[PDB]
């Protein structure tokens, strides 16, 4: 193949580690018979140079579980497994995927943020996606098959997942030393609502991005005065999602922006456009769903818009860097509109 994830913003060397974390303070909320809440996490970070080849996107078994076949195992990333971290502890961005979707689907965003100088942690929430644990154990999205799934509950328990990841990563003998003074959280769809929710619950979190997830939990009565970017797809012409973000907008009382990608899809903010366009089986997404999930924004543009607007948000709030992308239309990104 020689096929790779989209080229990251810079050429600094990147490392990656995968962590199996077990939160022994909580029983698993969805499958308590399995015992404690465990999480798989992927780290991406500025590293020292390595001559080792870069890690694969995914194993053969997890590619089968995610896509239906092993093709994505042939795709390489740009981060070297186990590389020694660069010297200065870096600001942390924690990432959470869409419901039913693997954390690997935020690899292009994660690597790009790492190449811009962030420590990045993408988090899988067990039984809410296919997830690979040590010893080849693959757990399935068992909640995907349940009409009794409450999305508010998912958000509340994901808030607890992410607070625990912060405890591990900011704590003594963290596997990666990070600058705990500067913490951002972003997520896709329900992970995006979860990103805002954990910021609401956790003082350590400084700024949050919701990439196109409806809110499912009731707001705080006084409001949330920390920085939030709402970045959606097709909400200019979807009444119920727009209304949902209209309700959320009035209870955001600090720095805030609401951006839309009218011709994009729900999956524009992930690796899925690139996965489907380059490696999709015929009908990978049913013909009728393509408008809603991908729209017309190409894999390249989906990846670049997401990276550039996510980085601009975190650079603004964590690294003291301005960006005109956050304040007015960009002729380099005609796909992006301002809703407020």
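Numbering follows the first chain given and starts at 1.
Higher mean CA temperature factor, per the PDB entry, when comparing 250-258 with 120-128: 250-258. Checked against the record, the higher mean CA B factor of 279-287 and 65-73 lies with 279-287. In the PDB entry, the Cα temperature factor peaks, among 179, 197, 146, 111, at 146. In this entry, the residue among 223, 134, 187, 152 with the greatest C-alpha B factor is 223.
When all modelled residues of the chain are sorted by CA temperature factor, residue 206 is found within the lowest third. Among all modelled residues in this chain, the alpha-carbon of residue 18 has a temperature factor (C-alpha) in the middle third.
Sort the modelled residues of the chain by CA B factor and residue 240 lands in the highest third. Sort the modelled residues of the chain by CA B factor and residue 319 lands in the middle third. Ranked within its chain, residue 157 lands in the middle third, by CA B factor from the PDB record.
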